[PDB]
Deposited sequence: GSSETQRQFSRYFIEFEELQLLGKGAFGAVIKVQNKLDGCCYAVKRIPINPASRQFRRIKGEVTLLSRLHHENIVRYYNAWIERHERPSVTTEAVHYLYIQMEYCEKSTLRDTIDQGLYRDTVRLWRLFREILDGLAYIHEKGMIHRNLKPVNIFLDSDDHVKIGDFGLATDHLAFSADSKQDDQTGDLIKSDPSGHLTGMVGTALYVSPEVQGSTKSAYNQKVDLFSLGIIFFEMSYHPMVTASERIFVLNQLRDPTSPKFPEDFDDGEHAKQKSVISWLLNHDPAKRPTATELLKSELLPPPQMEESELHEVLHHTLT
């Protein structure tokens, strides 16, 4: 097994239904990587979707996309197949942890990392693709504080007990690709995720779960697209405009990645 003989497992980065992401160190070069191990049935339609995503990722080359190193399938003894995808390890945390540590206070940085997410999103989009998985836990920063878009994959969580609405990854998922009214996945979906991601980028960390659920669900309202009182039309204004344009219920009223880059609302690089 190539994984256990060539790589030194260092730390678990993520876990879930997909499988896991591990911080590893190649024994030969000595660099750290984020190897994604997915348990697969090489006969299933699931295998056709991952092999299809490995093909697409190996063809993506952008400064703001997470770098692809290698992908291989391994067969394990009687407890079975595993698919490994070796990708770059972005040393300087995720965008999630960058927001939680006060990104909002540094407007100059805030606007730079946003532009970078747009550059990489534009590249993905101009190569005719939809990400479907743009969330702060899947956008990272390297040693040089650059954005690296990751690869592609009522509420008990509320301590007050009174909150209703969507929670987690669902808060980033476009309204058109939800419910019974499943109005076809578009590239405009990736831009809805980016309008939620930019609000969080532009707003103070939401310390409590009750605060996060209320604030993000009120922003997602088609009959009331919010913005908290402390997110004033005075000091933000252009930020509020970008967020409101991207979060426009009508998938057709949303800009293109290139439209927002060639827009006056975004400061110059």
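Unmodelled ranges, which are counted on the deposited sequence from position 1 and given in order: Missing C-alpha atoms (numbering from 1) occur across the ranges 1-9, 89-94, 169-188, 305-320.
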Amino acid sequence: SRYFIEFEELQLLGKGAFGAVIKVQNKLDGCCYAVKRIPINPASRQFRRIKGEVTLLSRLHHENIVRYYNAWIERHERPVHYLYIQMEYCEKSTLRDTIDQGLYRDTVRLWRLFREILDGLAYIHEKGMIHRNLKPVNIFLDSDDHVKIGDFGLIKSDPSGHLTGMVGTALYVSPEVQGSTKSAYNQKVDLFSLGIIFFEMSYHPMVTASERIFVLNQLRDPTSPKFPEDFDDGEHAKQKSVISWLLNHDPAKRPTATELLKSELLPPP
From here on, numbers count along this sequence of modelled residues.
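Report the stretch with the higher mean CA temperature factor, choosing between 135-143 and 174-182 on the basis of the entry. According to the PDB entry, the answer is 174-182.
Per the PDB record, is the mean Cα temperature factor higher over 34-42 or over 65-73? Comparing averages over the C-alpha atoms only gives 34-42.
Per the entry, which of 212, 236, 59, 204 tops the list for Cα B factor? The C-alpha B-factor peaks, among 212, 236, 59, 204, at 236.
Among the modelled residues of this chain, does the Cα B factor of residue 87 put it in the lowest, middle or highest third? Lowest third of the chain for residue 87's C-alpha B-factor.
Please say which third, lowest, middle or highest, residue 53 falls into when its CA temperature factor is compared across its chain. According to the entry, residue 53 has a C-alpha B-factor in the chain's middle third.
Taking the C-alpha B-factors as the PDB entry records them, is residue 217 in the lowest, middle or highest third of its chain? Lowest third of the chain for residue 217's C-alpha B-factor.
Relative to the other modelled residues of the same chain, rank the CA B-factor of residue 168 and answer lowest, middle or highest third. As the PDB entry reports it, the C-alpha B-factor of residue 168 lands in the middle third of its chain.
Third assignment of residue 158 from its chain's C-alpha B-factors: For residue 158, the deposited C-alpha B-factor lands in the highest third.
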